[PDB]
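Undergrad: coordinates only, sequence not included:
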RNA sequence: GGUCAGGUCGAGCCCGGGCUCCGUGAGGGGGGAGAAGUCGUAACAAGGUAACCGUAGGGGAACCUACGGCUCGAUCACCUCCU
RNA sequence: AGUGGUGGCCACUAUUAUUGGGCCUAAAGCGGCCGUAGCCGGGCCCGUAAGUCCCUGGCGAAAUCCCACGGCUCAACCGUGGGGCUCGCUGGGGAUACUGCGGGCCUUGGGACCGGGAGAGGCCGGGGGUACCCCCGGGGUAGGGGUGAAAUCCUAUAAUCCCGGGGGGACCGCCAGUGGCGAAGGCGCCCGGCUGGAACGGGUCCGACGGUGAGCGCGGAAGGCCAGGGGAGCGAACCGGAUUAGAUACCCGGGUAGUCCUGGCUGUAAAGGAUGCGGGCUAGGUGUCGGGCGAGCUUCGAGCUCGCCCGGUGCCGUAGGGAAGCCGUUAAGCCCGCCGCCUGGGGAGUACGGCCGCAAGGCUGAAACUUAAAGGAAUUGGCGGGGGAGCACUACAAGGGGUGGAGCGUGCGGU
RNA sequence: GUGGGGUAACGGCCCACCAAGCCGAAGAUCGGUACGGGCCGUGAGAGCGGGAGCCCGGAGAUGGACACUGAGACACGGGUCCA
């Protein structure tokens, strides 16, 4: 039937209808009730600083085949431990045990994992404040 | 054997409004249900098993309905009938897969003397008349006077009261309360999940309708008094002392708080109040022996 | 509420043959029902171990076609002897196994069914159970329900009764209408817990006679002696302040020593098992009936 | 028991009746454990 | 009859758009008054009164002749019933529902298992209650007047 | 249940147009409908429109000159001032001054163009183009 | 200004109790990602007993059985839709 | 003189839809009816002028927004002037079309009434039906039963089977169909009674009394549950026979609950037309069902043939609609009224909480986390222990010859 | 509501007496959350979001509590106490 109530006085019922159904969207819920914040490990910080605790390699997702290095990092801000992918070929050699490192979002879909490798959400940008990409290019040197 | 009802734990919470004049539909249906139950249940003399089902009233719940052509849930009826029994205004017997009811001496008199009196007041006089004679609810009320604030006080009080052997007027009723306490204290003292209502709880309700105020879940069913109403209540009580103390002493704190209070308006007009006072004083012996029959072994 | 039965008033006298060696259909039917209920009951060392009893369901579990009243009566007996924890939600029954149960069954599963039932009842009487209270009432010399009605009041008077209050209160509740059944009516139309206690003991050392609504019971002193010394062998059970009067004591004296009720290894094993676990079963009985 | 009809197309899954029975059994056990 | 049966039937009836009474008709406005009071004194409601007027007396409608006592209004049988006091004081159209309701209550009290008739009761009761809700708003009834399942027996 | 005559009337008109029937008969005639019918006839959208006394509610008869694309009755009676017809014009008509809107102002029901020349806003009631 | 009698605000302090959050936790369950391991053939063609729904019992699982319903069923003969 | 990475916000997004979203087949119209607030509401006449609109008084600060000119070299910035700003306010005047409010008139909406006709409308009492099982007696020997085969089982204490007689429970075949009735679930032997509802024909009465319905109420297939009865057959569980590598099954022989009656609960399903309900309009043809109307036939019937109107119910089908499947006056087309429902898949109909229920369980209902899709229609192929047709020596029926048994020739696998 | 205290000042603001009222489905109470406004970011616009830099109003000085002097304070660079 006709979309209702198309009345000149029924603005109230229209407003309750729309407010009610706006909760059906997921992103509005994630914004309003702040669910990402109450589940946040990084508390909305675009960056963080942490200490590497172990080097771990991961098998890619099939049908892709390959071994990707990463490090399990304990975060100074709150103490939680999370995996951190290391980019750049021949790069994990420059990340070691008990290293001051700088970690950053990895920018997959929905802010999730990137491509084949799932779960991992973050990447290494500096080790001891020294840019990982530079040392991958090799012009600078870790202290 | 356990006595208790599911679901409607907070249904009698709406009864507390009768202290004031505020009107609510829940209280309206409570009154109507009380009226109907007392109406159908007769005053036979059963003192037998055969007398029950002959001079009692079989309860068909599906027949019991509000005046809206709308069915009313059974557990509400169970609670309202358990209350009436608890106050001695009615007598209940659960013959297997059935419920039978007969009026008491307090019934057929409390109704008879106040026929043309307002419904809220009708129910109110029913509770007060229940209190004023030797009722297990009266035992709870005196326990409160001693300063009992929870089920634990009632448990210890009845345990002590059984240390006298002059306890044969309410022995079986108090034993029923004791076992109800035994089987519902775990609910209302462990796990903090309230799904059943003991006899102490339905007793606490009604008192909350008269002079008490009962808090909600702390696990338990903690309670508090109201000294202004307590003054008038105890005045009416000492006006007609046709109910024992049961060896329960009043704490001095409560007595001074009674003294420290001013005069609060009586529950009713002093005319009908005096009518109730003198009719209770007149027929105390008959009601006393009736309650002895249906609460005591001999 | 009333906790009553109809029709099966004469059903429970069939255990009289338990002390004998004759076995009738009713006795073996009882022996078949008891173990069925025991196995059905759950046990795991309160609200977490209670199975509902649905009569239409527990009628084909063994192809029996047994009326409900018999079924009600048998578990009433099991509780009255402290073998089964029963909770009666209004028109509903809930069953849990005790500590003694799954101990007597645990060790004496391989005995004959008749002797299994016998040892179950004996073990029940051995410890502080309602049945033991009725047994002590008999030993003090009660004849009928009225003496028990006096003895319960006497026991609750002393204020050591807190362990067994609710059981006695239930008995008193039942008696409050059994007395009516017998006071005016010659027909014992219903069965109270007192009658269920009298039976069962009749299966051990008593003898019952229906008499115009009453349940006139007398003891047979030979077996009463044969179990008295057993009771004194392990004194892990209170007399509840009662005392044997003279005539019972002397009749115990000056008798030809009747045969011991079972094999001797059976007696000593029953002694040891309850001795090495008396505390736990006593606490369970406190949970059964005790308040504090 | 809200019933999504889409859960009845049997590809890649069991007949919905049996998963419903399984989950009901699970519910019975979990409630019993709590009592 | 789409009110509850929800069927779109049409057995309604037609009249021609005649603004004046017919010429061939012969009775005078007082003659019809005499005849209708005569009929009403027999115990006839308004409907069958009109039927008798149209069928044997051949009067197509009272509406065609204007009220002599009010030119702004068209003469009706019911207004004449008011004129002589023979109009009823409950609306008739509700009195039939009253009598039907009580009769059905009796029948179903003899027959407590005809749930279809029970729904029939549930149907008719809304009819009386809605028409009462109308008539209260119009003032043709006492403003406290209230159907009762017991009092209605008396009517 | 019938609610308004106007939406049904213009719906009838639009239905009859696409099929191309010559004559129409709008059954629930009202005083408002005639004041409507005058307007677009003055702009030429229809031929003569005649009232017919059926004796119950009157019926309006119109023959169609085949120059209606769609004629809708804006039902929720939006009120409007004079400085802002352009917005509403963009909502129900396809181009600059193509077609008309019909409004009711303090004087009466009349076309929107002469309204803006007279400078009187009011309640939109219909539109046709 | 000191001392005492009293009143008011009262910051705080001790005890009893009600409520909430965090940490750690023996122990129990189920959910998802991996492919290696094992059992079985459940479904899709009439999936080798049509399939599915509601209800209840059983089974290591897929699952099986029972009553009421559905065409999200086939081959056809076909009551038969067309013919 | 910037460019790159991450995070957050608006657009994209008609993936929040008032403008402006979808709910037959993919997410979603509820299992049905009633009805309160609320919302939407027939026509005409008289009045008010709250809303609505126009004019005018005050006010809604500055900075900021837009524009011209001018100053710093133009610009950014600033000045003068002009216009807007959340502006929701308020004084006075004017209009009356409409919404509102008040008084009067009117039936078409609606409702009531009345008369032939229709119908598995419901409830109650009586009567009957064939069939099945048991029991008794007679005849009669030697098997019956069942399956792909058997086997279990019944049987010579007389089975199976035929005849005479008695008992028991369930159900009302053919007529039967897209029939009919009911709000839906659903409803079928015959008669008597009570009762609901509709059509059709008549303005015969009243006068908008209406639609929808949050919250509420009502009954509502099976199965399960509580109390007592009942139990012919059937048959959950279970007990055997058989099949199989394994068979907790399919097959067979049994068999309790249930299936039935009374009094209650449980509130359920692919309760499906997978289509929430009311009004107006939009090509048609064709049948059946009921009522009316007009003719004709009539062995004179509530009989028989043709057309129309009304109401119900099917098929085909124009335009139109739609992703298509398809629908197409019984819309899923265009408008007007009112609620619910939907916002990627799963986690899930779960956790937690609340309410209900005796219990099974019902109503309500997230989160983290995971995933590149799930899902719908339809085309081509392949395949079917689907169907139809045509074929044969890489197929078989008829007939013949002949290999693998011994040795050897030749070659394959292995040493 | 009656009749008064106190205030610069009206006022349950406070006191004494009287009466039973006030708010709630047009969302009371409780909880979460947040200085409000002029404005700011994006968008064709309906609209969506944000309130830090400037101006107006609000409030605060480690948490709490309290007093003098003053026209103005319970007073960031006056005073006293607790923690």
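TA: Okay, I see it. Residues are numbered from 1 along each chain as shown, chains lettered A, B, ... in the order given.
Undergrad: what about the helix ranked longest in chain A, near chain F?
TA: With secondary structure taken from DSSP state H, chain A has its longest helix at helix A:11-22. No. Shown here: helix A:11-22 not in contact with chain F (CB under 8 Å from any CB of the partner chain), separated by at least 10.7 Å. Backbone N, C-alpha and C define where each C-beta goes, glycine included.
Undergrad: check which element follows that helix along the chain.
TA: helix A:26-32 (DSSP states H and E).
Undergrad: what's in contact with that next one?
TA: A:22, A:23, A:35, A:36 (CB atoms under 8 Å, 6 or more residues apart in numbering or on different chains).
Undergrad: from those residues, which is closest to chain D?
TA: residue A:23 (17.5 Å; CB to the nearest CB).
Undergrad: for residue A:42, see how far away the nearest residue to that closest one once chain neighbours are set aside is.
TA: Of all residues beyond its chain neighbours, the one nearest residue A:23 is residue A:29 (6.1 Å), with distances taken as CB to CB, 6 or more residues apart in numbering or on different chains. Plainly put, residue A:29 is 20 Å away from residue A:42 if you go by CB to CB, to the nearest Å.
Undergrad: neighbour-wise, which of those two wins?
TA: Set residue A:29 next to residue A:42 and count neighbours by other CB atoms under 10 Å in any protein chain shown: residue A:42 wins out with 19 against 13.
Undergrad: burial measure for the nearest residue to that one once chain neighbours are set aside, as a count.
TA: Closest residue to residue A:42 apart from its sequence neighbours, by CB to CB, 6+ apart: residue A:48 at 5.7 Å. The local packing of residue A:48 (other CB under 10 Å) involves 21 other residues.
Undergrad: go on, residue B:226?
TA: As a burial measure, residue B:226 scores 16 neighbours (other CB under 10 Å).
Undergrad: number of residues surrounding the residue of chain E found nearest chain A?
TA: Residue nearest to chain A within chain E: residue E:6 (15.8 Å; CB to the nearest CB). Counted with other CB under 10 Å, the neighbours of residue E:6 add up to 7.
Undergrad: any idea how far it is from residue E:124?
TA: 16 Å.
Undergrad: so after the lengthiest helix in chain B, what's the next helix or strand?
TA: For chain B, the longest helix by residue count, based on DSSP H, is helix B:171-189. Counting by DSSP H and E, the next helix or strand C-terminal to helix B:171-189 is helix B:199-210.
Undergrad: need the strands for chain E, in chain order.
TA: E:66-67, E:70-74 (DSSP state E).
Undergrad: pipe those into a markdown table and attach mean neighbour count per row.
TA: Putting the strands of chain E into a markdown table (neighbours: other CB atoms under 10 Å in any protein chain shown) gives the following:
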| stretch | mean neighbour count |
| --- | --- |
| strand E:66-67 | 16 |
| strand E:70-74 | 10 |
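Undergrad: who in chain E is up against chain F?
TA: E:16, E:17, E:18, E:19.
Undergrad: now the contacts of helix A:26-32: which count as buried?
TA: Neighbour-count burial (16 or more other CB atoms under 10 Å in any protein chain shown) is assigned to none of those.
Undergrad: can you redo those as TSV with distance to residue B:247?
TA: Formatted as TSV, the contacts of helix A:26-32 follow (distance: CB to CB, whole Å):
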residue	distance to residue B:247
A:22	66
A:23	62
A:35	61
A:36	66
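Undergrad: what helix or strand is the residue in chain F positioned nearest to RNA strand I on?
TA: Using CB to the nearest atom of the strand, the closest approach of chain F to RNA strand I is made by residue F:87 at 7.9 Å. Using DSSP H and E, residue F:87 sits within helix F:85-92.
Undergrad: coming back round to it: with distance to RNA strand H as extra columns, can I get the strands of chain E in TSV?
TA: Shown next, in TSV, are these (distance: least, CB to the nearest atom of the strand, whole Å):
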stretch	distance to RNA strand H
strand E:66-67	8
strand E:70-74	4
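Undergrad: burial measure for the nearest residue to residue A:96 once chain neighbours are set aside, as a count.
TA: Spatial nearest neighbour of residue A:96, chain neighbours left out: residue A:52 (7.0 Å); criterion: CB to CB, 6+ apart. Other residues near residue A:52 number 22, with proximity taken as other CB under 10 Å.
Undergrad: kindly report the same for residue E:53.
TA: As a measure of burial, residue E:53 has 20 neighbours, counting by other CB under 10 Å.
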